[PDB]
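First, one chain by itself in structure tokens, the form deposited in one PDB entry.
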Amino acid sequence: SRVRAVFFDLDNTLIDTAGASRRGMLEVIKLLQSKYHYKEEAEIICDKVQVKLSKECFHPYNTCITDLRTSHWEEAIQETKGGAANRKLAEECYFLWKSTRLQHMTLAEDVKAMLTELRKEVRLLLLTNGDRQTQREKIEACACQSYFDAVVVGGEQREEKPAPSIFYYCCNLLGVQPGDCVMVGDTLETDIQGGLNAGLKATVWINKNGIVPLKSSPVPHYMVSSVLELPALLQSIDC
């Protein structure tokens, strides 16, 4: 009845993806406004891209995603500004956005110290959705793979969260039973729903911003604001 494995989301759970991604946007705005003499049109372009990205995370992706997310910019520039297509400016914007966010994707020192002290009591797995190319780059950017007994990327797999199969696979990977695992993540629709679907021992929601969820949304077993609260939490579930 003791916890034998803990699964961890990556984005906005272990690394500040959102903060990093907006930092990239800020640089793109800084670029367009200063260099290419833009005003408030730049901020509109970034919003269009941001919503374009959301309507593309559909699974199972195809590659090259680079060509896709780059096209997301040229489609965005033309809508706000206008004129002929500018693949060069789109290429610049994307890689500036990409290079910026990846450098800000790092594991905090106290987060590293938490993961290190935790894997000597339970096994650790990294369970993240997204395409192979994009996610693996993040993994390398924050060098987290060294901290986990296993890493599983949804794009590389048959199904992602919240589908229970990918959870069952993680369990087989570590030779454990779903009832011995706890899922930790910050998205209800994937991390939490998935944990409930796959009958895991517990689900832990990361809610630092203090969202009050709808009654119809998945209900976690636990709710905390930081991943630093797990050791005490996991010790209370008895491990």
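Residue numbers run from 1 along the displayed sequence. Shifts are known only where both forms have a C-alpha. The term rigid core refers to the maximal set of C-alpha atoms that superpose within 1.5 Å between the two forms.
Below: the form deposited in another entry, not depicted.
- Once both forms are fitted on their core, the CA shift for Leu53 between this form and the one not shown remains under 2 Å.
- The pair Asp67 and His59 is at least 3 angstroms closer at the CA level in the other entry than in the present model.
- Between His59 and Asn86, the Cα spacing is smaller in the other entry than in the shown form, differing by no less than 3 Å.
- Taking a Cα shift of 2 Å or more after superposition on the rigid core as the cut-off, the stretches of three or more consecutive residues that move between this form and the one not shown are 57 to 63, 211 to 213.
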